[PDB]
Every structure is written in structure tokens, then in C-alpha cells.
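Contents: one structure, followed by commentary.
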Amino acid sequence: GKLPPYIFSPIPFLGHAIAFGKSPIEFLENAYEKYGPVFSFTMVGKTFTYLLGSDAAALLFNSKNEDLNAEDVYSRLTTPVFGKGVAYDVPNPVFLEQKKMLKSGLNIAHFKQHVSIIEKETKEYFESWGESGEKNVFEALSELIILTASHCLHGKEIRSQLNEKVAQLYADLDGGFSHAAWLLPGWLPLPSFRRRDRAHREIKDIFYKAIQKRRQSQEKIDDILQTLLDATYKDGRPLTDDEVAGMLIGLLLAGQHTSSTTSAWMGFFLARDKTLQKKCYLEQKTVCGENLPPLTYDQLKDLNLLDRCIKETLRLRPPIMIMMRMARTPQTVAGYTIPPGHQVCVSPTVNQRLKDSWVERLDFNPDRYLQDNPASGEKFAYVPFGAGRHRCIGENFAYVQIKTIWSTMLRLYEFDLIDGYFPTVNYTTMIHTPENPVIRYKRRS
Ligand code: HEM
Ligand SMILES: COc1ccc(OC)c(/C(=C\c2ccc(O)c(OC)c2)C(=O)NCCc2ccc(O)cc2)c1
């Protein structure tokens with residue numbers, strides 16, 4: 001076997017940590033240009049064997065959990081925040097069973113009501129923005145998305161109980177995903193660690209109360225929570241309340257910040273492309289209805305231009321820029337054998353802005369998919385939600401949430417950038433959020 005082309009680090013242990021923190025996408029891009037598609041790293045005592053390009057990423061996107069173990073990478077971070085016996089804590093077959101049980105709930109029947117729920121919530125929430133002014137797009141969209149995700153997934157019982165205190169609790173729970181989670185161990189009683197732990201206990205307690213109330217409820221209502229409760233394991237064991245709580249606080253916490261940043265990025269891209277925003281509003285006027293009636297899942301499929309805009313936003317600025325895996329058996333890609341112990345990586349951000357196939361890589365143009373383009377030509381060139389075996393179980397929910405939030409938002413206002421300052425990428429956060437998000441909005445005529 002041959003080890004993959006190994007980059008050389010001046011620092012023995014820390015490696016390229018500072019460079020990756022400063023500019024991960026650019027660092028990966030130049031490393032690709034200099035050492036091919038299978039260049040390796042050395043970051044904090046770990047070898048980050050990145051796979052760039054479709055051919056290299058095919059290994060990660062077609063690998064099995066017996067070969068590329070996600071748990072050995074994500075357990076120490078996801079177990080304390082989500083719960084025990086849920087998410088990545090369980091073995092891989094139980095994890096697959098949980099994933100399919102969750103995917104069963106997110107169906108067309110539930111989406112038909114989710115569209116109306118999200119439309120109502122965004123129409124009510126964006127009343128405070130007034131006729132015109134400037135606002136923090138990222139935070140407002142995060143607050144809207146947490147409301148909509150709660151109302152749709154957890155149900156009216158949980159949504160009604162939602163207030164500023166529990167919103168801050170959810171923000172604190174998301175605060176568990178940070179640098180300290182990776183570098184520092186689960187031994188130090190850091191105040192961030194104890195905040196996350198207390199938030200998880202309080203959230204699970206209120207969720208236990210809500211689950212008991214729903215179970216005792218006589219009236220039958222179809223929801224994600226009800227579907228999870230009715231559905232049992234493959235063997236036949238009824239789902240425990242602890243497991244159900246873990247499922248739902250995993251679902252919502254996994255879509256609150258990977259959907260807020262995408263919505264904000266699409267908003268800024270549409271503000272920069274005023275002609276594209278005008279075309280999108282014209283579509284909202286013509287294909288949904290001249291009187292602009294409330295949206296429905298049937299009309300969602302008619303918003304092809306908005307779908308293309310969301311696709312281009314995800315291509316340029318993916319929320320999840322890295323999907324890590326832990327090698328445990330020797331694997332070969334591009335002729336280079338990766339020994340077990342290397343943190344096999346993949347970049348759903350660099351994979352979509354490579355100049356080899358993505359022409360005008362950094363140019364926002366939601367018309368590329370109208371013609372032939374890598375997203376259809378190549379297997380794993382456009383992978384914002386993942387592809388192959390490892391995909392998001394809620395990409396449909398994301399495409400029905402963002403395309404119902406932004407449809408109403410474009411129906412309401414006429415977004416326009418301020419001082420021509422397109423927000424940059426804040427690499428400090430694990431999900432790259434726009435830097436200083438401020439937009440000068442005006443009410444649509
Ligand atoms: C633009 C929106 C979103 C993007 C780009 C995105 C991206 C991703 C990606 C790339 C993965 C793969 C992680 C892995 O394979 O290790 C993932 C996993 C996941 N996604 Fe999302 N996500 C989004 C929103 C959502 C939404 C709305 C939900 C609603 C349920 C959700 C639920 C999940 C869950 C539970 C996982 C767990 C891992 C798995 O399913 O394999 N995400 N997401
Ligand atoms: C902001 O919270 C997130 C958001 C998105 C994530 O995945 C896209 C993750 C993550 C791992 C992750 C950890 C730290 C990170 O910094 C990160 O990148 C943002 C990602 C993960 O898979 N969650 C869901 C796991 C799960 C599976 C099955 C189930 O039934 C219930 C839950 C964490």
C-alpha cells in the first residue's frame with residue numbers, strides 16, 4: 001500500500017490548525033491544487049485525509065459504517081447534547097432503524113400542513129420589521145426557523161410552551177457544538193459544558209411532560225411526535241419517551257442552524273442580484289396566483305426558479321462544509337491506501353466550487369442547472385445534503401421550509417443590500433454564518 005500524498009507541517013503537533021481556522025476553504029483549495037485530490041493533514045494529533053473531487057468523495061459517500069465509522073468522530077459531541085440511546089450513541093443498525101423511523105414521519109401528508117404552518121408563522125413574525133429599515137438577517141431568520149421547526153416537528157403543545165427562555169436554552173444547547181467539544185475532553189467542568197448539560201436536562205424534562213400530555217390526550221392528531229410514538233422498533237419494542245425526546249431534540253437542533261444560515265445566504269445573494277429577485281417575485285405573482293393565495297405543497301413544486309436559487313445558495317455556501325468519518329479498515333481511493341485511524345474527510349463546499357467542472361465557480365447564477373452542469377453530470381459534485389448512503393433525512397423538510405419562508409418573505413418585502421457590502425463568511429462558527437448581516441429592506445408594492 002501507498003500512503004496518500006502527505007502535507008508537511010512546520011509545527012509538530014498543532015499542525016495547520018491556525019491556517020484551517022483562518023481560511024479552511026482556501027486552504028483546502030490550494031492544497032488540492034498542490035497535492036492532488038487525496039492530500040492529508042496533521043491537525044491536533046489527527047490525520048485529516050481529505051477527499052476532494054467526485055472520484056475521491058465516492059469512497060466516503062458509498063462507504064459502510066463498518067468501514068467509515070461516523071460514531072467514533074461524532075459521539076463525544078452529539079451524545080451529551082442530544083441524549084443517551086439516541087442519535088450516534090446506539091450501534092449502527094439501531095441508528096439506521098432510528099433514521100428510517102424519523103424519515104417515516106416527514107412525508108407529503110405532514111408537509112401539506114407544514115407549508116401552511118410555516119407561512120402563517122413567518123407572516124406573523126415578520127410584522128415587527130415594519131415598512132422599511134435594516135435588521136440582522138441571520139438572527140431574525142434563526143428565530144423564525146426555530147419557531148417554525150418547533151411548530152411543525154414537535155407539535156402545537158411544544159410550540160405554545162416556547163418562549164425566550166427556552167429559545168435561549170436551545171441556543172445554549174447548540175453552543176455545545178464548538179471548538180471545546182473537539183479539543184477539550186468531557187472531563188473539565190467548563191461553564192459552557194455545564195450550561196449545555198443543564199439545558200439538555202431541562203429540555204428533556206419539559207419534553208417528557210409534553211410527551212406524557214400528548215400520550216394522555218384523547219384526540220388523535222397527526223404529527224412527527226405522534227408518528228414517532230405510534231411507530232415501534234423493527235424488533236417490536238415500543239419507542240421509549242427518552243428515545244423519542246432524543247430523536248426530536250436531534251431533529252430540531254440539526255435543522256435550526258443549518259437552515260438559518262442558508263436562508264440568510266440566499267437572502268443576501270438575491271439582494272445582490274436585484275434582477276433575480278424581481279424574477280423570483282414575478283414567479284410568485286404568476287405561478288402561485290395573481291391574488292397571491294396562501295401556499296400549499298402542490299404549489300411548492302411550481303417554484304422552479306426559487307428551487308434553483310436555493311440550490312445555488314447551498315452550492316456556494318453549504319452549511320455543513322465537512323462530513324467527517326473515522327477509518328477503521330484499510331481503504332483505497334485514487335490508488336492511495338488510507339490506514340485505519342485517519343479522520344477521513346470530505347468537503348461539500350470545495351466539492352461544489354472546483355474550477356475543474358463548476359464554471360464561474362464563485363459566481364451566483366441559478367440558471368446553470370437549466371443547462372448541463374455537474375449537479376447532474378457527476379455523481380458527487382453537488383452534495384450539499386450528502387449523497388449515496390449518507391444523506392440528510394430532512395432535505396425534503398428543508399426544501400419545504402426554506403422555500404415557504406422565502407416565498408412569503410419575497411411576497412412581503414423587496415430586499416436590497418446596504419452600501420453594496422455583501423456579508424463575508426464568519427469562519428469562527430462551525431456553521432459558516434454571514435459576517436455582519438444587515439439588509440435595507442422595503443415593503444413590496
Ligand atoms: C439547508 C438545509 C440543510 C442542510 C444543507 C443539511 C445538511 C446535512 C448533511 C450534509 C447531513 C449529513 C451528515 C452526515 O452524513 O454525517 C445532514 C444530516 C442530518 N440532517 Fe440536515 N441539513 C439541513 C437541514 C436539515 C433539516 C431541515 C432537517 C430536519 C429533520 C435535518 C435533519 C438532519 C439529521 C437528523 C441528520 C442526521 C444525520 C443523518 O441523517 O445522516 N437537517 N444534514
Ligand atoms: C447544530 O447541530 C447540528 C446540526 C447538524 C448536524 O449534522 C448535519 C449535527 C451533527 C453532527 C455535528 C456536530 C458538530 C458540528 O460542529 C457539526 O457541524 C455543524 C455537526 C448531526 O449529525 N446531528 C444529528 C444527529 C442525529 C442523528 C439521528 C437522530 O435520530 C438524531 C440526531 C449537529
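Each chain of the C-alpha cells is named A, B, ... in the order shown, its residues numbered from 1; ligands are numbered from 1 in display order.
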
Within 8 Å of region 248-258 of chain A, counting only C-alpha atoms, which residues qualify if same-chain residues fewer than 2 places away don't, as a list in words?
->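 Listing them by chain and then by number gives residues 82, 87, 142, 145, 146, 149, 150, 153, 154, 170, 174, 225, 244, 245, 246, 260, 261, 262, 319, 320, 398 and 431 of chain A.
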
How would the residues just chosen look if you wrote them out with N, CA and C atoms as a compact mmCIF listing (two decimals), in the first residue's frame?
```txt
# COMPACT_ATOMS: atom_id res chain seq x y z
N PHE A 82 -27.63 15.63 22.70
CA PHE A 82 -28.88 15.02 22.25
C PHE A 82 -29.47 14.09 23.31
N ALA A 87 -29.46 9.09 18.50
CA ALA A 87 -28.51 9.76 17.60
C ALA A 87 -27.32 8.84 17.38
N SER A 142 -32.99 32.92 12.12
CA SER A 142 -32.83 31.84 13.09
C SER A 142 -34.02 31.76 14.04
N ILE A 145 -36.95 30.40 12.12
CA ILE A 145 -36.79 28.99 11.80
C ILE A 145 -36.95 28.13 13.04
N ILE A 146 -36.50 28.60 14.20
CA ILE A 146 -36.71 27.81 15.41
C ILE A 146 -38.20 27.74 15.73
N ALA A 149 -39.75 25.31 12.98
CA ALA A 149 -39.33 23.93 13.20
C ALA A 149 -40.02 23.35 14.42
N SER A 150 -40.09 24.11 15.52
CA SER A 150 -40.81 23.62 16.69
C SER A 150 -42.26 23.33 16.35
N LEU A 153 -42.46 20.18 13.75
CA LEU A 153 -41.99 18.88 14.21
C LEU A 153 -42.60 18.51 15.56
N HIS A 154 -42.33 19.30 16.59
CA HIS A 154 -42.67 18.87 17.94
C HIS A 154 -44.17 18.94 18.19
N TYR A 170 -32.29 26.53 23.77
CA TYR A 170 -31.92 25.88 22.51
C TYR A 170 -30.63 26.46 21.95
N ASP A 174 -27.18 24.39 21.27
CA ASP A 174 -26.35 24.50 20.07
C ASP A 174 -24.96 25.02 20.39
N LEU A 225 -44.33 13.93 16.28
CA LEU A 225 -44.32 13.31 17.60
C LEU A 225 -45.27 12.12 17.65
N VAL A 244 -37.63 9.04 22.22
CA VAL A 244 -38.40 9.96 21.40
C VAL A 244 -37.92 11.39 21.61
N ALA A 245 -37.68 11.77 22.86
CA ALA A 245 -37.15 13.10 23.14
C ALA A 245 -35.80 13.30 22.47
N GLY A 246 -34.92 12.30 22.55
CA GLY A 246 -33.65 12.40 21.86
C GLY A 246 -33.81 12.58 20.36
N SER A 260 -30.93 28.29 8.98
CA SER A 260 -30.92 29.74 9.14
C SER A 260 -29.84 30.38 8.28
N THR A 261 -28.63 29.81 8.29
CA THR A 261 -27.54 30.38 7.52
C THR A 261 -27.80 30.26 6.02
N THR A 262 -28.37 29.14 5.58
CA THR A 262 -28.71 29.01 4.16
C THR A 262 -29.74 30.04 3.75
N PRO A 319 -24.08 24.79 4.53
CA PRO A 319 -23.98 24.86 6.00
C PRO A 319 -22.93 23.90 6.54
N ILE A 320 -23.06 22.62 6.17
CA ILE A 320 -22.12 21.59 6.61
C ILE A 320 -21.00 21.55 5.58
N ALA A 398 -36.24 20.60 4.62
CA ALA A 398 -35.52 21.85 4.39
C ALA A 398 -36.01 22.54 3.12
N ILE A 431 -20.87 26.29 11.73
CA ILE A 431 -21.64 26.55 10.53
C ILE A 431 -21.36 27.99 10.12
```

Write out as a VMD selection string the residues lying within 10 Å of residue 59 (chain A), counting only C-alpha atoms and excluding same-chain residues fewer than 2 positions away.
-> chain A and resid 51 54 to 57 61 to 64 68 331 to 334 344 346 388

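Nearest residue to residue 443 (chain A) among A:48, A:35, A:182, A:126 is A:126, counting only C-alpha atoms.
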
Can you list, as a PyMOL selection string, every protein, DNA or RNA residue that comes within 9 Å of residue 295 (chain A) when you count only C-alpha atoms, leaving out same-chain residues fewer than 4 positions away?
-> chain A and resi 115-116+119+288+299-300+404+407-408

Excluding residue 423 (chain A) and residues on its chain fewer than 5 positions from it, collect all residues at most 12 Å away from it, counting only C-alpha atoms, and give them as a PyMOL selection string.
-> chain A and resi 136-138+261+264-269+271-272+317+417-418+432-439

Hey, can you spit out that residue selection with N, CA and C atoms as a JSON list (two decimals), in the first residue's frame?
```
[["chain", "number", "residue", "atom", "x", "y", "z"],
["A", 136, "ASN", "N", -30.85, 42.52, 11.47],
["A", 136, "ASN", "CA", -29.91, 41.41, 11.43],
["A", 136, "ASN", "C", -30.61, 40.21, 10.81],
["A", 137, "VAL", "N", -30.26, 39.89, 9.56],
["A", 137, "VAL", "CA", -30.98, 38.85, 8.83],
["A", 137, "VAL", "C", -30.78, 37.50, 9.48],
["A", 138, "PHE", "N", -29.54, 37.18, 9.87],
["A", 138, "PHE", "CA", -29.23, 35.85, 10.36],
["A", 138, "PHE", "C", -30.00, 35.55, 11.65],
["A", 261, "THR", "N", -28.63, 29.81, 8.29],
["A", 261, "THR", "CA", -27.54, 30.38, 7.52],
["A", 261, "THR", "C", -27.80, 30.26, 6.02],
["A", 264, "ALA", "N", -30.29, 32.99, 5.15],
["A", 264, "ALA", "CA", -29.64, 34.30, 5.13],
["A", 264, "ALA", "C", -28.75, 34.46, 3.91],
["A", 265, "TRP", "N", -28.01, 33.41, 3.55],
["A", 265, "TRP", "CA", -27.14, 33.49, 2.38],
["A", 265, "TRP", "C", -27.95, 33.69, 1.11],
["A", 266, "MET", "N", -29.06, 32.97, 0.96],
["A", 266, "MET", "CA", -29.90, 33.17, -0.21],
["A", 266, "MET", "C", -30.49, 34.57, -0.22],
["A", 267, "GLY", "N", -30.84, 35.09, 0.95],
["A", 267, "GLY", "CA", -31.35, 36.45, 1.01],
["A", 267, "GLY", "C", -30.34, 37.47, 0.53],
["A", 268, "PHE", "N", -29.09, 37.33, 0.97],
["A", 268, "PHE", "CA", -28.06, 38.26, 0.54],
["A", 268, "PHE", "C", -27.73, 38.09, -0.94],
["A", 269, "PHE", "N", -27.72, 36.85, -1.44],
["A", 269, "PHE", "CA", -27.48, 36.64, -2.86],
["A", 269, "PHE", "C", -28.59, 37.26, -3.70],
["A", 271, "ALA", "N", -30.48, 39.77, -2.76],
["A", 271, "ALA", "CA", -30.33, 41.21, -2.65],
["A", 271, "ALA", "C", -29.28, 41.73, -3.62],
["A", 272, "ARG", "N", -28.15, 41.03, -3.73],
["A", 272, "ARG", "CA", -27.13, 41.44, -4.68],
["A", 272, "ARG", "C", -27.63, 41.32, -6.12],
["A", 317, "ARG", "N", -22.59, 28.30, -0.58],
["A", 317, "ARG", "CA", -22.40, 28.43, 0.87],
["A", 317, "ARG", "C", -23.11, 27.30, 1.58],
["A", 417, "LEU", "N", -29.48, 45.15, -0.77],
["A", 417, "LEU", "CA", -28.27, 45.24, 0.03],
["A", 417, "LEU", "C", -27.99, 46.68, 0.42],
["A", 418, "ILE", "N", -27.24, 46.85, 1.51],
["A", 418, "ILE", "CA", -26.90, 48.16, 2.05],
["A", 418, "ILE", "C", -25.44, 48.45, 1.74],
["A", 432, "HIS", "N", -20.80, 28.17, 8.92],
["A", 432, "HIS", "CA", -20.32, 29.47, 8.48],
["A", 432, "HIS", "C", -21.51, 30.41, 8.27],
["A", 433, "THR", "N", -21.70, 31.34, 9.20],
["A", 433, "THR", "CA", -22.74, 32.36, 9.16],
["A", 433, "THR", "C", -22.22, 33.63, 8.50],
["A", 434, "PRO", "N", -23.09, 34.39, 7.85],
["A", 434, "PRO", "CA", -22.64, 35.66, 7.25],
["A", 434, "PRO", "C", -22.12, 36.62, 8.30],
["A", 435, "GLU", "N", -21.11, 37.40, 7.92],
["A", 435, "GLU", "CA", -20.50, 38.37, 8.82],
["A", 435, "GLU", "C", -21.22, 39.70, 8.71],
["A", 436, "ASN", "N", -21.69, 40.21, 9.85],
["A", 436, "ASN", "CA", -22.43, 41.46, 9.95],
["A", 436, "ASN", "C", -23.62, 41.45, 8.98],
["A", 437, "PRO", "N", -24.62, 40.61, 9.21],
["A", 437, "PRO", "CA", -25.76, 40.56, 8.28],
["A", 437, "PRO", "C", -26.72, 41.72, 8.48],
["A", 438, "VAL", "N", -26.70, 42.69, 7.57],
["A", 438, "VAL", "CA", -27.61, 43.83, 7.62],
["A", 438, "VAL", "C", -28.10, 44.10, 6.21],
["A", 439, "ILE", "N", -29.41, 44.24, 6.05],
["A", 439, "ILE", "CA", -30.02, 44.46, 4.74],
["A", 439, "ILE", "C", -31.00, 45.62, 4.85]]
```

Would you mind writing down, as a VMD selection string, each residue of region 72-239 of chain A that DSSP on the backbone assigns to helix (DSSP H, G or I)?
-> chain A and resid 72 to 82 92 to 105 108 to 125 137 to 154 156 to 161 164 to 175 179 to 183 191 to 216 224 to 230

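Within 12 Å of residue 361 (chain A) there are residues 312, 315, 316, 317, 349, 350, 351, 352, 353, 354, 355, 356, 368, 373 and 374 of chain A, counting only C-alpha atoms and ignoring same-chain residues fewer than 5 positions away.
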
Any chance you could export the current selection's C-alpha atoms as a PDB file, in the first residue's frame?
```
ATOM      1  CA  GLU A 312     -27.226  27.659  -5.923  1.00  0.00           C
ATOM      2  CA  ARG A 315     -23.787  25.100  -3.662  1.00  0.00           C
ATOM      3  CA  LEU A 316     -21.937  28.338  -2.931  1.00  0.00           C
ATOM      4  CA  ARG A 317     -22.395  28.433   0.868  1.00  0.00           C
ATOM      5  CA  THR A 349     -18.078  23.236  -0.038  1.00  0.00           C
ATOM      6  CA  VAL A 350     -14.903  22.714  -2.073  1.00  0.00           C
ATOM      7  CA  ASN A 351     -16.581  19.878  -3.992  1.00  0.00           C
ATOM      8  CA  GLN A 352     -19.025  22.403  -5.493  1.00  0.00           C
ATOM      9  CA  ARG A 353     -16.717  25.355  -6.262  1.00  0.00           C
ATOM     10  CA  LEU A 354     -13.952  23.411  -8.020  1.00  0.00           C
ATOM     11  CA  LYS A 355     -12.972  25.087 -11.290  1.00  0.00           C
ATOM     12  CA  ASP A 356     -12.462  21.689 -12.953  1.00  0.00           C
ATOM     13  CA  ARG A 368     -26.681  26.686 -14.534  1.00  0.00           C
ATOM     14  CA  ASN A 373     -23.963  21.111 -15.207  1.00  0.00           C
ATOM     15  CA  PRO A 374     -22.034  18.979 -12.685  1.00  0.00           C
TER      16      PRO A 374
END
```

Skipping near chain neighbours, those fewer than 3 positions away, what residues fall within 12 Å of residue 194 (chain A) using only C-alpha atoms, listed as a PyMOL selection string?
-> chain A and resi 80-81+172-173+175-176+186-191+197-201

For those residues, write N, CA, C and O atoms to a file as a PDB file, in the first residue's frame.
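Listed below is the output, again.pdb:
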```
ATOM      1  N   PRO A  80     -23.783  13.965  24.612  1.00  0.00           N
ATOM      2  CA  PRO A  80     -24.163  14.819  25.752  1.00  0.00           C
ATOM      3  C   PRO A  80     -25.254  15.822  25.429  1.00  0.00           C
ATOM      4  O   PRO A  80     -26.039  16.175  26.318  1.00  0.00           O
ATOM      5  N   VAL A  81     -25.330  16.297  24.190  1.00  0.00           N
ATOM      6  CA  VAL A  81     -26.295  17.337  23.843  1.00  0.00           C
ATOM      7  C   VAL A  81     -27.636  16.741  23.429  1.00  0.00           C
ATOM      8  O   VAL A  81     -28.690  17.280  23.772  1.00  0.00           O
ATOM      9  N   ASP A 172     -28.216  27.715  23.736  1.00  0.00           N
ATOM     10  CA  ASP A 172     -27.170  27.163  24.590  1.00  0.00           C
ATOM     11  C   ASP A 172     -26.868  25.713  24.229  1.00  0.00           C
ATOM     12  O   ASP A 172     -25.703  25.301  24.219  1.00  0.00           O
ATOM     13  N   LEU A 173     -27.906  24.926  23.939  1.00  0.00           N
ATOM     14  CA  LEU A 173     -27.692  23.551  23.500  1.00  0.00           C
ATOM     15  C   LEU A 173     -26.861  23.514  22.227  1.00  0.00           C
ATOM     16  O   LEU A 173     -25.935  22.704  22.100  1.00  0.00           O
ATOM     17  N   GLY A 175     -24.797  25.721  21.514  1.00  0.00           N
ATOM     18  CA  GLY A 175     -23.479  26.158  21.936  1.00  0.00           C
ATOM     19  C   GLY A 175     -22.561  25.024  22.338  1.00  0.00           C
ATOM     20  O   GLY A 175     -21.346  25.228  22.425  1.00  0.00           O
ATOM     21  N   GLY A 176     -23.115  23.837  22.591  1.00  0.00           N
ATOM     22  CA  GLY A 176     -22.278  22.683  22.867  1.00  0.00           C
ATOM     23  C   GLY A 176     -21.398  22.303  21.695  1.00  0.00           C
ATOM     24  O   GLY A 176     -20.297  21.778  21.883  1.00  0.00           O
ATOM     25  N   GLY A 186     -14.432  15.699  27.819  1.00  0.00           N
ATOM     26  CA  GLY A 186     -15.609  15.742  28.663  1.00  0.00           C
ATOM     27  C   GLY A 186     -15.289  15.487  30.121  1.00  0.00           C
ATOM     28  O   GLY A 186     -16.023  14.779  30.817  1.00  0.00           O
ATOM     29  N   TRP A 187     -14.186  16.062  30.590  1.00  0.00           N
ATOM     30  CA  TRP A 187     -13.741  15.950  31.974  1.00  0.00           C
ATOM     31  C   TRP A 187     -13.771  17.275  32.717  1.00  0.00           C
ATOM     32  O   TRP A 187     -14.140  17.311  33.892  1.00  0.00           O
ATOM     33  N   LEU A 188     -13.397  18.360  32.058  1.00  0.00           N
ATOM     34  CA  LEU A 188     -13.362  19.668  32.697  1.00  0.00           C
ATOM     35  C   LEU A 188     -14.778  20.209  32.866  1.00  0.00           C
ATOM     36  O   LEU A 188     -15.558  20.193  31.910  1.00  0.00           O
ATOM     37  N   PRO A 189     -15.147  20.687  34.059  1.00  0.00           N
ATOM     38  CA  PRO A 189     -16.462  21.340  34.241  1.00  0.00           C
ATOM     39  C   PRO A 189     -16.449  22.778  33.733  1.00  0.00           C
ATOM     40  O   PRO A 189     -16.622  23.752  34.473  1.00  0.00           O
ATOM     41  N   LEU A 190     -16.181  22.898  32.441  1.00  0.00           N
ATOM     42  CA  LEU A 190     -16.159  24.235  31.824  1.00  0.00           C
ATOM     43  C   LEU A 190     -17.571  24.780  32.007  1.00  0.00           C
ATOM     44  O   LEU A 190     -18.486  23.963  31.996  1.00  0.00           O
ATOM     45  N   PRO A 191     -17.809  26.100  32.127  1.00  0.00           N
ATOM     46  CA  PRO A 191     -19.165  26.659  32.239  1.00  0.00           C
ATOM     47  C   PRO A 191     -19.996  26.456  30.984  1.00  0.00           C
ATOM     48  O   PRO A 191     -21.212  26.268  31.085  1.00  0.00           O
ATOM     49  N   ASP A 197     -25.136  20.913  29.517  1.00  0.00           N
ATOM     50  CA  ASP A 197     -25.715  19.799  30.262  1.00  0.00           C
ATOM     51  C   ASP A 197     -27.027  20.200  30.927  1.00  0.00           C
ATOM     52  O   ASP A 197     -28.025  19.470  30.853  1.00  0.00           O
ATOM     53  N   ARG A 198     -27.049  21.366  31.579  1.00  0.00           N
ATOM     54  CA  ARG A 198     -28.269  21.832  32.227  1.00  0.00           C
ATOM     55  C   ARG A 198     -29.371  22.070  31.206  1.00  0.00           C
ATOM     56  O   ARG A 198     -30.540  21.742  31.452  1.00  0.00           O
ATOM     57  N   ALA A 199     -29.019  22.647  30.056  1.00  0.00           N
ATOM     58  CA  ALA A 199     -30.005  22.863  29.006  1.00  0.00           C
ATOM     59  C   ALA A 199     -30.581  21.543  28.524  1.00  0.00           C
ATOM     60  O   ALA A 199     -31.793  21.428  28.317  1.00  0.00           O
ATOM     61  N   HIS A 200     -29.730  20.532  28.346  1.00  0.00           N
ATOM     62  CA  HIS A 200     -30.224  19.238  27.895  1.00  0.00           C
ATOM     63  C   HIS A 200     -31.166  18.618  28.917  1.00  0.00           C
ATOM     64  O   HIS A 200     -32.218  18.083  28.552  1.00  0.00           O
ATOM     65  N   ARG A 201     -30.812  18.684  30.206  1.00  0.00           N
ATOM     66  CA  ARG A 201     -31.701  18.121  31.223  1.00  0.00           C
ATOM     67  C   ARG A 201     -33.039  18.852  31.265  1.00  0.00           C
ATOM     68  O   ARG A 201     -34.099  18.214  31.326  1.00  0.00           O
TER      69      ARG A 201
END
```

Report the distance between CA of residue 240 (chain A) and atom 22 (N, counted along the ligand's line) of ligand 1 in Å, rounded to one decimal place.
-> 25.5 Å

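Using only C-alpha atoms and all ligand atoms, the shortest contact distance between ligand 1 and any of A:285, A:76, A:100, A:135 is found at A:100.
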